[PDB]
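Visitor: Attaching a single structure in structure tokens format; questions to follow.
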Amino acid sequence: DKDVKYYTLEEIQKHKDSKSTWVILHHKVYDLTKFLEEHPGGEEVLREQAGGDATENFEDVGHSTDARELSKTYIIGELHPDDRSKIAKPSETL
Ligand code: HEM
């Protein structure tokens, strides 16, 4: 623990508390808690999904490369290797 910051999908799916909004863009866990307002776009767009693959939205817009490398500066952790190494098809319902 407290090294690489490896978090599992379901674990990250429990990071949407009050003032704890995480997002796993691509295969990297970014903490945007202190970026909700700072984000030149807003908080709600950040707090829309949270704790999950927000790449869908992120890429829906694409973002500039400036923001891409910025993600790295906001990298807190990464998707658990057990999962990432063998991308398992996530469950869903509706
Ligand atoms: C790594 C995390 C993120 C960073 C560092 C980031 C950074 C930025 C930056 C710098 C811009 C300004 C435009 C540009 O220069 O490209 C921007 C705009 C924007 N971002 Fe993000 N962003 C992040 C995640 C997200 C996510 C996941 C969403 C959606 C769920 C989002 C939605 C938007 C929208 C909508 C705008 C433009 C506002 C508008 O025209 O409505 N961003 N972002």
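Chain labels follow the order of the structure tokens: the first chain is A, the next B, and so on; residue numbering restarts at 1 in every chain, and ligands are counted from 1 in their shown order.
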Could you pull out the strand (DSSP E) residues of chain A, going by DSSP on the backbone, and write them as number ranges by chain?

Guide: A: 6-7, 16-17, 20-25, 28-31, 75-79

Visitor: Got time to write the residues from that selection, C-alpha atoms, as a short mmCIF file (atom, residue, chain, number, x, y, z; two decimals), in the first residue's frame?

Guide:
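Result file again_28.cif:
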```cif
data_model
loop_
_atom_site.label_atom_id
_atom_site.label_comp_id
_atom_site.auth_asym_id
_atom_site.auth_seq_id
_atom_site.Cartn_x
_atom_site.Cartn_y
_atom_site.Cartn_z
CA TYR A 6 -2.97 0.55 -6.93
CA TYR A 7 -6.79 0.63 -6.68
CA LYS A 16 -17.38 9.52 -4.84
CA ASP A 17 -17.83 10.84 -1.28
CA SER A 20 -13.51 12.95 -2.77
CA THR A 21 -14.08 12.75 -6.55
CA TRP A 22 -11.79 10.31 -8.36
CA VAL A 23 -11.76 9.23 -12.01
CA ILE A 24 -9.86 6.42 -13.79
CA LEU A 25 -9.03 7.94 -17.14
CA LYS A 28 -4.65 5.65 -14.44
CA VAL A 29 -6.41 6.82 -11.25
CA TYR A 30 -6.54 10.63 -11.07
CA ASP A 31 -7.71 12.57 -7.99
CA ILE A 75 -2.07 11.03 -10.99
CA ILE A 76 -2.56 9.59 -7.54
CA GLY A 77 -2.64 5.87 -8.39
CA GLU A 78 -3.25 3.35 -11.17
CA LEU A 79 -5.77 0.65 -12.01
#
```

Visitor: Please, which residues have at least one atom within 12 Å of an atom of ligand 1, using only C-alpha atoms and all ligand atoms, listed as a ChimeraX atom specification?

Guide: /A:21-76

Visitor: Those selected residues, please, written with C-alpha atoms and delivered as a CSV table (one decimal), in the first residue's frame.

Guide:
```csv
chain,number,residue,atom,x,y,z
A,21,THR,CA,-14.1,12.7,-6.5
A,22,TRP,CA,-11.8,10.3,-8.4
A,23,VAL,CA,-11.8,9.2,-12.0
A,24,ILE,CA,-9.9,6.4,-13.8
A,25,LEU,CA,-9.0,7.9,-17.1
A,26,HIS,CA,-7.7,5.2,-19.5
A,27,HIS,CA,-5.8,3.1,-17.0
A,28,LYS,CA,-4.7,5.7,-14.4
A,29,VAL,CA,-6.4,6.8,-11.2
A,30,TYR,CA,-6.5,10.6,-11.1
A,31,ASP,CA,-7.7,12.6,-8.0
A,32,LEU,CA,-9.5,15.8,-9.0
A,33,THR,CA,-10.8,16.6,-5.5
A,34,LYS,CA,-9.0,19.9,-5.4
A,35,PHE,CA,-9.6,20.4,-9.1
A,36,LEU,CA,-13.5,20.3,-9.1
A,37,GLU,CA,-13.7,24.1,-9.3
A,38,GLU,CA,-10.2,24.8,-10.6
A,39,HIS,CA,-11.0,22.7,-13.7
A,40,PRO,CA,-11.5,25.2,-16.6
A,41,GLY,CA,-14.9,23.7,-17.3
A,42,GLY,CA,-16.5,23.1,-13.9
A,43,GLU,CA,-17.0,20.6,-11.1
A,44,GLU,CA,-20.3,19.0,-12.1
A,45,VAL,CA,-18.8,17.6,-15.4
A,46,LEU,CA,-16.1,16.1,-13.0
A,47,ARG,CA,-18.7,14.9,-10.4
A,48,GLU,CA,-21.0,13.5,-13.1
A,49,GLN,CA,-19.8,10.0,-13.0
A,50,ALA,CA,-16.7,10.0,-10.7
A,51,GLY,CA,-15.2,6.7,-9.4
A,52,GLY,CA,-15.1,4.9,-12.7
A,53,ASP,CA,-13.9,5.2,-16.3
A,54,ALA,CA,-14.6,8.8,-17.1
A,55,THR,CA,-12.6,8.4,-20.3
A,56,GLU,CA,-15.9,8.1,-22.2
A,57,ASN,CA,-16.7,11.7,-21.3
A,58,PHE,CA,-13.0,12.9,-21.3
A,59,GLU,CA,-12.6,11.6,-24.9
A,60,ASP,CA,-16.1,12.7,-25.9
A,61,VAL,CA,-14.5,16.1,-25.7
A,62,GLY,CA,-10.9,14.7,-26.4
A,63,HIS,CA,-9.2,17.5,-24.4
A,64,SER,CA,-6.0,19.2,-25.5
A,65,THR,CA,-2.5,17.6,-25.0
A,66,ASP,CA,-1.8,20.3,-22.4
A,67,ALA,CA,-4.5,18.7,-20.3
A,68,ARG,CA,-3.3,15.1,-21.1
A,69,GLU,CA,0.1,15.7,-19.6
A,70,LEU,CA,-1.6,17.6,-16.8
A,71,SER,CA,-3.5,14.4,-15.9
A,72,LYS,CA,-0.1,12.9,-15.0
A,73,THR,CA,0.6,15.7,-12.5
A,74,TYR,CA,-2.8,14.8,-10.9
A,75,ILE,CA,-2.1,11.0,-11.0
A,76,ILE,CA,-2.6,9.6,-7.5
```

Visitor: Write out as an MDAnalysis selection string all residues of chain A that backbone DSSP assigns to helix (DSSP H, G or I).

Guide: chainID A and resid 9:12 33:35 44:47 55:61 65:73 81:84

Visitor: So which residues touch residue 91 of chain A within 12 Å, counting only C-alpha atoms, skipping near sequence neighbours fewer than 3 positions away, as a PyMOL selection string?

Guide: chain A and resi 9-10+88+94

Visitor: How many Å separate atom CA of residue 1 of chain A from atom CA of residue 86 of chain A?

Guide: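 We find that atom CA of residue 1 of chain A and atom CA of residue 86 of chain A lie 20.8 Å from each other.
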